[PDB]
Amino acid sequence: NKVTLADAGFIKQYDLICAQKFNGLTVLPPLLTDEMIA
Amino acid sequence: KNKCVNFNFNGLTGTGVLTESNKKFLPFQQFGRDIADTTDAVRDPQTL
Amino acid sequence: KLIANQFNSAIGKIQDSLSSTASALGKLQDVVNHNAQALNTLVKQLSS
Ligand SMILES: *[C@@H]1O[C@H](CO)[C@@H](O)[C@H](O)[C@H]1NC(C)=O
């Protein structure tokens, strides 16, 4: 809860994130989900 | 409106999808800009 | 018994300190802030 993310690279089907996405910049998700690290 | 088409508004040319908007343009405003100065809204020349 | 009590008290104090908005995780927030700033600057550079 203490630390909040900006983009986790999940589905963004449909602000700053949309402007980034419309210009060819994307974020990819990590291989190991939080459950596996836990 | 709802199809991916090429558009030419008063010589402003582009490609995309047109939808009805809720933005409150003032009578003297015609264009809307984006963070990268990309046109986002337009007033139709005829139907306003 | 004394050592067990001391360990339990230390763990409780750690919990209390963490939960009272200590803003201790600066190092992990810096990464996110810097990445977001870099991406936003890259996008906003398109107006030049
Ligand atoms: C002609 O231009 C006027 C400008 O106000 C517009 O209202 C109208 O819809 C246009 N078309 C016709 C057939 O009048």
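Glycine also receives a Cβ, built like all others from the backbone with ideal geometry; neighbour counts cover every protein chain displayed. The numbers here are math on the coordinates, done by the rules we state, and not lab data.
Tell me, please, whether a residue that is closer than 19 Å to A:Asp15 by Cα, more than 16 Å from the ligand (Cβ to nearest atom) and assigned to a loop (DSSP other than H, G, I, E, B) can be found in segment B:2-9.
No, segment B:2-9 contains no residue that is closer than 19 Å to A:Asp15 by Cα, more than 16 Å from the ligand (Cβ to nearest atom) and assigned to a loop (DSSP other than H, G, I, E, B).
Taking the criterion of being assigned to a helix (DSSP H, G or I) and surrounded by 10 or more Cβ atoms within 10 Å (Cβ to Cβ), would at least one residue in segment C:18-25 satisfy it?
Step one: list which residues in segment C:18-25 are assigned to a helix (DSSP H, G or I), which gives C:18-19.
Remaining after also requiring surrounded by 10 or more Cβ atoms within 10 Å (Cβ to Cβ): C:18-19.
Yes, that holds for at least one residue.
Taking B:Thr15 as the residue in question, decide whether it is on the phi < 0 side of the Ramachandran plot and loosely packed, with under 12 Cβ neighbours inside 10 Å.
So B:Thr15 passes the test.
Which numbered condition in (1) exposed (fewer than 10 other Cβ atoms within 10 Å of the Cβ); (2) in a loop (DSSP other than H, G, I, E, B); (3) away from the ligand (no atom under 16 Å from the Cβ) is the only one that B:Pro45 fails?
For B:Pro45, the failing item is (3).
More than 16 Å from the ligand (Cβ to nearest atom), closer than 22 Å to C:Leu46 by Cα and in a loop (DSSP other than H, G, I, E, B), is that true of B:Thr13?
Working: more than 16 Å from the ligand (Cβ to nearest atom): yes; closer than 22 Å to C:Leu46 by Cα: yes; in a loop (DSSP other than H, G, I, E, B): no.
Here the answer is no, as B:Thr13 does not meet what is asked.
Filter segment C:16-35 down to the residues that are at the interface with chain A (Cβ under 8 Å from one of its Cβ atoms), under 11 Å from A:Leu5 (Cα atoms) and not polar (S, T, N, Q) and list them by number.
The answer is C:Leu28, C:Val32.
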